[PDB]
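One chain comes next, on its own, written out as structure tokens in the form deposited in one PDB entry.
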């Protein structure tokens, strides 16, 4: 256990955030009798709200019902970090799946803390705003999620690009990048050593490539040596195609240097906007205070829908669900790889996605696929995504295409790649 200095990863603005007056009140109300008349809060009267009951049908589960009182709770303000029954369910899930070393650490030493967020990306945006001053160095691997790049761009950090391949980030690249600094330079803020490494360790959007166990051990040792955070943005953790899931950065986080984002967006609902951050208490605390002044909390309604489903499923029923979803996406993956093999062998290069929704295709011989897709393929009713958007320099030419296998039938994929092959052939 290396002694962390979280002040180093919190901006002056972030550190200036004071606690809610609401929490001061609720703590006074606890040190005091339950038979209480409080006119001190700012809750509106929930009996004025026009939604009264809710019945919601479910796969392989008892129907979810909001009675009159539960509905009034669902329509009312709730805690910033999330409703307690969901938070505690999720805390038990994280202990079962990742058994983080930080569980029983003291708060100031990076004790594991959770925060339910309005989607996992709200969590990360908050994390990036917490950490980054202009001119700070951050590490990631291009191709990278376009949302992350669009989020980091206005913050004025320098993105130092780490090499990646079929197995995610190449730690051998990271090591060479870091040799620029001496390990002692982490103790000196004028030397400007990397604040963090961001990655999507399973099923990277857009590549489909997942890190291996061994590479995560190497990355963690480098993060320990040069004393940076690892931001583990892991929305396809529950869409891994291999039988045994790869150990997370969180699971090996002896130092309390890992902030993890989990997403319900591909397994439970994207539209509900319920994800969660898991990380060291001092950093999670900063994120929570920012949420207090922006969204206040994620939808109470949508949390109670998800929490009731998860409590009646149990961990067993939840993991049975993710297994059915993995099976679906694994068949879709096999279908798109078949269409790839049939139409693009000799015209394009690609790897087998280890997780997620995307096949990432390099077109041989064509420097920029943007003209082929946007001017020709579109007019023929086919579209894949040019790779341009997944690099910091998006105006640079890209031969790559991101192709989602989430929705399309085998009949549609076949047509799509036949058209692509035809267009590649008439462009060379």
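Positions refer to the first chain, counted from 1. Only the largest set of C-alpha atoms that superpose within 1.5 Å between the two forms is called the rigid core. Shifts are known only where both forms have a C-alpha.
Form deposited in another entry: not shown, discussed below.
Superposing on the core, which single option in 22, 419, 408, 10 has a CA shift of 2 Å or more between the shown form and the other one?
Meeting the 2 Å or more criterion is only 22.
Align on the rigid core first; then say whether the Cα of residue 32 has moved by at least 2 Å between the shown form and the other one.
The answer is yes, as the C-alpha of residue 32 shifts between the shown form and the other one by 2 Å or more after core alignment.
Report the direction of the Cα distance change between residue 286 and residue 23 in the other entry, compared with the displayed form, as closer or farther; the change is 3 Å or more.
Compared with the shown chain, residue 286-residue 23 is farther in the other entry.
Residue 14 to residue 23, Cα distance in the other entry relative to here: closer or farther, by 3 Å or more?
They are farther apart; the C-alpha distance rises by 3 Å or more in the other entry.
Considering only residues modelled in both forms, extract each run of at least three consecutive residues whose CA displacement is 2 Å or more throughout between the shown form and the other one after core superposition, in sequence order.
After superposing the rigid core, the only shifted stretch between the shown form and the other one is 21-35.
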